[PDB]
Amino acid sequence: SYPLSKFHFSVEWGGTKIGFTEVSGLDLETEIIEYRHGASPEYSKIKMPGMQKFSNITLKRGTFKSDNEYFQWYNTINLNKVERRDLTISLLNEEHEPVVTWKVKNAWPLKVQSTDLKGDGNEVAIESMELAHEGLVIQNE
Amino acid sequence: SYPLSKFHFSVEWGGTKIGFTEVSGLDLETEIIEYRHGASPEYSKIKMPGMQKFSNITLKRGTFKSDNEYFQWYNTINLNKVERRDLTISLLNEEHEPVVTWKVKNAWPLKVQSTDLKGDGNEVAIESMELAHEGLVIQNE
Amino acid sequence: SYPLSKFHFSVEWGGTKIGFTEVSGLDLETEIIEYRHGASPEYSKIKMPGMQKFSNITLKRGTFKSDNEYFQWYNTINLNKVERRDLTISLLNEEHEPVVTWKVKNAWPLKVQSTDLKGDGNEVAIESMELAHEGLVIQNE
Amino acid sequence: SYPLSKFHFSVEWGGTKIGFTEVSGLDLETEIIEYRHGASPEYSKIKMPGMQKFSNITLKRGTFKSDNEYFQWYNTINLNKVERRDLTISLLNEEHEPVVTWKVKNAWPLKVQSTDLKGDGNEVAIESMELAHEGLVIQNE
Amino acid sequence: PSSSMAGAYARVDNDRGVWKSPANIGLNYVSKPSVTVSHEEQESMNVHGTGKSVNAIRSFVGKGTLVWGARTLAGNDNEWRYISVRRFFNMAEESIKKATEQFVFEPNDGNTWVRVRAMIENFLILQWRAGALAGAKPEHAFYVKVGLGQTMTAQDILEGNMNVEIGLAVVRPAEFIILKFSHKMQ
Amino acid sequence: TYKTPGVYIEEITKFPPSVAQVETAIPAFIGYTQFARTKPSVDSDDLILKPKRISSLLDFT
Amino acid sequence: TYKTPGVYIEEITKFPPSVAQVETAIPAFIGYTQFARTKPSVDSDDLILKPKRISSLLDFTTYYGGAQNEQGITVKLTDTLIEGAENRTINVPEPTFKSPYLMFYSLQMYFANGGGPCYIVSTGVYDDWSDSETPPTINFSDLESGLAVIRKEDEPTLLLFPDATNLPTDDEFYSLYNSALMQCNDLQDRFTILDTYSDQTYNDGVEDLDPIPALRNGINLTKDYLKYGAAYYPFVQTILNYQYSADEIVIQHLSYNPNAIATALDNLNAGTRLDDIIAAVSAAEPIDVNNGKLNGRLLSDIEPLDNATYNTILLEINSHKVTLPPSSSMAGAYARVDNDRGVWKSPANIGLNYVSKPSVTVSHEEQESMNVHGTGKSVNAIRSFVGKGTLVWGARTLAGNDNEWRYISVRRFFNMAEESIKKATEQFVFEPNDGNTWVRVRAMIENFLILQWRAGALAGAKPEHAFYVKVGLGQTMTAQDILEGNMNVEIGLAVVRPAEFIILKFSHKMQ
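Residues numbered from 1 in each chain as written, not as in the entry; some residues may be left out. Chains lettered and ligands numbered in written order. Part of a larger assembly, values for the part shown. Heavy atoms only, no water.

- For this deposited structure, the header cites cryo-EM as the method used and 2.4 Å as the resolution.

- As recorded in the PDB entry, chain G goes by Putative phage tail sheath protein FI and comes from Algoriphagus machipongonensis.
- Per the PDB header, the entry is named "Cryo-EM structure of an extracellular contractile injection system in marine bacterium Algoriphagus machipongonensis, the sheath-tube module in extended state".
- Recorded in UniProt under Sequence similarities (unreviewed entry), the annotation for chain G is "Belongs to the myoviridae tail sheath protein family." (UniProt positions renumbered as here; feature names shortened; annotations may be inferred.)

- The PDB entry annotates chain A as Phage tail protein originating from Algoriphagus machipongonensis.

1. Concerning the relation of the copies chain A and chain B
- Of the transformation placing chain A onto chain B, the axial shift is 0.0 Å and the rotation is 60°, giving an RMSD of 0.0 Å. The relationship between the two copies is best expressed as a six-fold rotation axis. (Least-squares fit on C-alpha atoms.)

2. Re the packing of aromatic side chains
- Summed over all chains, the structure comprises 38 aromatic pairs over all chains.
- Taking 6.3 Å as the distance between ring centres and 85° as the angle between the ring planes, the aromatic pair formed by E:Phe88 and E:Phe89 counts as edge-to-face.
- Ring centres of F:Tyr2 and F:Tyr8 lie 4.5 Å apart, and the angle between their planes is 50°; this geometry places the pair in the tilted category.
- F:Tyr2 sits in the partly exposed class, given a relative accessible area of 29%.
- Take F:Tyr8: its relative accessible area is 15%, and that puts it in the buried class.
- Taken together, the ring pairs in this structure connect G:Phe161, G:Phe173, G:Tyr174, G:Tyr177, G:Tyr197 and G:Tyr202 into an aromatic cluster.
- The residue whose ring lies beneath B:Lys17 is B:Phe64, and the NZ or CZ to ring-centre distance is 4.6 Å.
- We note C:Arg85 situated over the ring of C:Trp73; from NZ or CZ to the ring centre the distance is 4.3 Å. (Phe/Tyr/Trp six-rings, centres within 6.5 Å; stacked < 30°, edge-to-face > 60°. Buried < 20%, exposed > 50% of the residue type's maximum accessible area, 1.4 Å probe, protein only. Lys NZ or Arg CZ within 6 Å of the ring centre and 35° of its normal.)

3. Regarding the sheet that holds strand β11 (residues 236-238) of chain G
Residues and elements named next belong to chain G.
- Ordered in space as β13-β11-β14, the 3 strands form an open sheet in which the pairing is antiparallel. The strands lining the two open edges of the sheet, one partner per strand, are β13 (323-324) and β14 (355-358).
- As paired strands, β11 and β13 are joined by 2 bridges and run antiparallel to one another. Each bridged residue has a counterpart across the sheet, and for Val 236 the counterpart in β13 is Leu 324. (Pairing = 2+ DSSP bridges. Helix = DSSP H or I, 4+ residues; strand = E, 2+ residues; numbered from the N terminus.)

4. Thoughts on helix α12 (residues 408-425) of chain G
Residue and element names in this part refer to chain G.
- Over its 18 residues, α12 runs 26 Å from end to end, which matches the ideal 26 Å to within 8%, given 1.5 Å per residue.
- Residues of α12 that are buried include every one of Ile 408, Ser 409, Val 410, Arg 411, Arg 412, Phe 413, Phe 414, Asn 415, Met 416, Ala 417 and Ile 421, and no others.
- For α12, the secondary structure elements touched by its buried residues are β7 (191-194), β10 (229-233), α10 (327-340), β15 (380-385), α13 (435-454) and β18 (490-493). (Expected span 1.5 Å × (residues − 1). Contact = heavy atoms within 4.5 Å.)

5. A few points about the pattern of salt bridges
- Scanning the entire structure with this criterion turns up 68 salt bridges over all chains.
- Salt-bridge contacts for A:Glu12 lead to E:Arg115; the nearest nitrogen and oxygen are separated by 3.4 Å. Placement of the pair is A:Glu12 in strand β1 (residues 9-12) and E:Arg115 in helix α4 (residues 110-129), with the two residues belonging to separate chains.
- Note that A:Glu127 and A:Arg61 form a salt bridge whose closest N and O atoms lie 3.2 Å from each other. Within this pair, whereas A:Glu127 is found in strand β9 (residues 126-132), its partner A:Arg61 is found in strand β5 (residues 57-62), the two being separated by 66 residues in sequence. Of the two residues, A:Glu127 and A:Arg61, both sit in the buried class. (Salt bridge = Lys/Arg side-chain N within 4 Å of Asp/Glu carboxyl O.)

Printed below as a string of structure tokens:
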């Protein structure tokens, strides 16, 4: 009778750790094609589905001693070659088991962003990555 | 078990001092090439890596008596010639030793910005510089 | 109650693959013969059908490793001899079955055009071919 | 499963350097001969291959100190004599090895074009050359 | 002819794909078959009471020596009579187990079951996209199932077993074309 | 039934076939036939009083 | 058992599995199994009369086994000529003798339609056949025993009997159902699902009887019992196959050109007793003027002779499907409605899974006497709709003229609410009988009912119009009740009933 919360989750991306600070961009989108012939009694258009799009996925985590994984994956790019991975994102229950799963096909990294530095910057250094992919399936049983 | 903080760092740029107020722009970026042939069962495109880009780096420091270094480096520009330098940026531990290092190739200055003046400006005069470069490597062992 | 879209199609040309980026030139044209005798009350001409023409067909595809088919077909020309083929072009439904078919008789290639090269050319290398033929029939049942 | 990109390539032309900004004109073309006898049931013509043509090739590069090669090759023309060369153009993989090769027979230069000069011309001085030749073979294995 | 056929199998896999029949292929460096096989003579080679079919090498006018027929030694088998079906399955099975080996020493629980399932489905989607599997959408081409109460019981969890069930829709070839002629009339 | 892969040739005389897709005009036809069966190899007439849907003249036959 | 770490590969054929989580619709199933054990390695049947809870079909199989093999399948093959060409027909008739044991098939349909956990009560194990034309029988006394057993369990809400239609007489069938309705009346927490004896005219041994009148005369209990159950008609055709073995199937082979005897001789001719056999056989060559080469052999023995025949026959056997009474499908359907819409909504206008079609077509006019009848003994119909498939049409109880209890959803809603409340009141059983307790009990009950109202189960703009709860000395109790230790609580509820008829009217629009 109650909705799910948004703070207990995990990400499987081929790296050593599965803990993240922030995950965003899990969207699906379709184009519209419009039409009207001149003899129609209505003065508006009829609509049908076009081609499909996906958004890029952003992942954020804190920087730790001796963990250089964002860089190492990015550095697998060689002219048109890159290591592609299966990305699995999951929202967890009180037993730490999956409830809602987002399945992502053929991901690789477009960009890796490092932290800024400040003399009075009393906070955690956070690094982030942006991923391209070829498709998303949502499972909730 | 704890992440790194963001306020203890140093910059080696060929100048007399290594202390800075602010450092930003340590980014990496790759272009995407998209494709779809007409007979495909999927109505979306396949993606692969393109050409690469780097962002400019911004450095900020307080103005001190008898230190004219930002200007002196900028003033080495002569038609197409300029003094190019190796820039090393490092995040430090409690012994004041490097933990995370950003290595920058062939840097030189695009612009030097001076301070504004105000009659009621009860604050420190801060000067800044923007640098062009040809590549970034990230080391975290 | 809705019109057909223009992005899901296939081409059968005797090659290993049927996927193309672009297809154009599927036209039909007839000449006019005009006449007026001097005693007519009208001061304009009467018109009737003349001889018939067809346009050349252009096909565009991306370049792939180890596929040299455009060249191999072109290279079958020997003084006045060439391998002639039956070309079938089809617009597909959601089951990937034909809806509208264009049937082309006795085709062969007039020209094969290669890709340009650019230092900052962040895009796909596209090759193209232009075909001569002797007739077109349109089927839509 | 992916097409080739268009920015990594090299040109062997007998000069000291193999790097170019732009390459274009790698085309092949055949003429058509048409015929109809008066008794035919069809009111259109039958087509067959004629004589063959080739396009000129254009090469573009930046001007460098002490490199006068475009001029030196052009200056080998003496009444009807000229130094003719074998031109090899190649599209490269990630190991910097050939993938697609264009082989050109008996080339020599029709024209050499110099750069324009502008007071506010904040850009690279680019020189170019146009080449005549006697034949093109395309290799992609 | 066995080494020539191994060569021919490699050519088909590269130009058309492992899911297409290894037949109607011309052979290189072959002058002719040593024995001529007629149309009627092949009827008992393709179809026979024992199911032990034999494929024929035949000479065609204007084409040269071709491989004619692509059945297995179990020719009356409703599921396995075609070579391309058996070979497609062997390929898919080998590729999937290589992919699943990365999970061998992982905990046997819901987190693993989800990761394994997602990996297998992504593989099959790509095979579908390339035209190897039948179906308008992936939903009609295959399924993957795993879970306690679906494929596993309490006893399997205790013994360390994990059970995954997979099903595939595979396309089969036509063998016969019949033409009919008549005199056109009103 | 054919046993050898290939192209077979036959010579026949008939009118060409015709089919259509119709949603709003579906008739029922009540009358006598040569036989009425569900399978080609049966020992009787299975469909004497059972309605059946037919898509074309070939299905009827 | 595996010994080497790694990935193993197997090739099997089956339908994919299905499970569900269900809280308010737990059935019990009473009938026969292959075996009944608690451990895989025992010397006997441990669970013959012991209720057990099962979460899925795999758990069932683990302790009870599968279906019985059919022994009524035969095959007939005939060889003829068409204008000199060979042509043969292979015919596999529907069996006329079938195994009487349906629990396995019943459970497959139950889970296919969304059922959750359930109780299994064995009554015994499968018996054998006496001959190919003489199947096992169902013993009435075994089903009564199973019913007596389930009576002691608290969790079940629905009662089903998968092998009741195979009882030797209709009288035994009706007797079993009258007992089930009486159990529901005594316990006040169960509902039964009923089938007719047959979906076709049955032979009493003295008269031909129509199944609907049959059931109406068969069940002769009054209103107090009829309100606890409902019946459905006709039977349905599923997509499930039969279980069998090629070793049990014999082929008849007839031919335009006979050769059964000649074949036997060629093999026999390939020591004293062998000579006698051959002579006896050769004597028959003039007799057999109809039978071909394969006549008299089993499927499993002809595969090497002609595996085209062997394979064709198996394919034809596979075309025959299983036909079942609809009660297990309905138990599944009840669970789906409770989860998606709620127990207060009618269990109708529901599509069934794994159903090809109803066995008998019911027209519009033909259903009028099923929904409304002078006796009130209504029957719900299973009907085929164009573009929709097979739907459950109607949701009345066996007391169809009852102003308070004619709808299934009203009876089921009340049973649910009553069960939940008494569980909540048990915590107060040994408390002092005074004002402090009376207040605590009342407050607890009202909070439950407010939540049911908030969720849309009860009628009324505000809780004040949906229900009331009363308790107190001078209101519900007297001095005598206090002395004897009694406590009396009165509760009333406003419950919503469905519409059944929609009437459209058409006209020509005019000024």
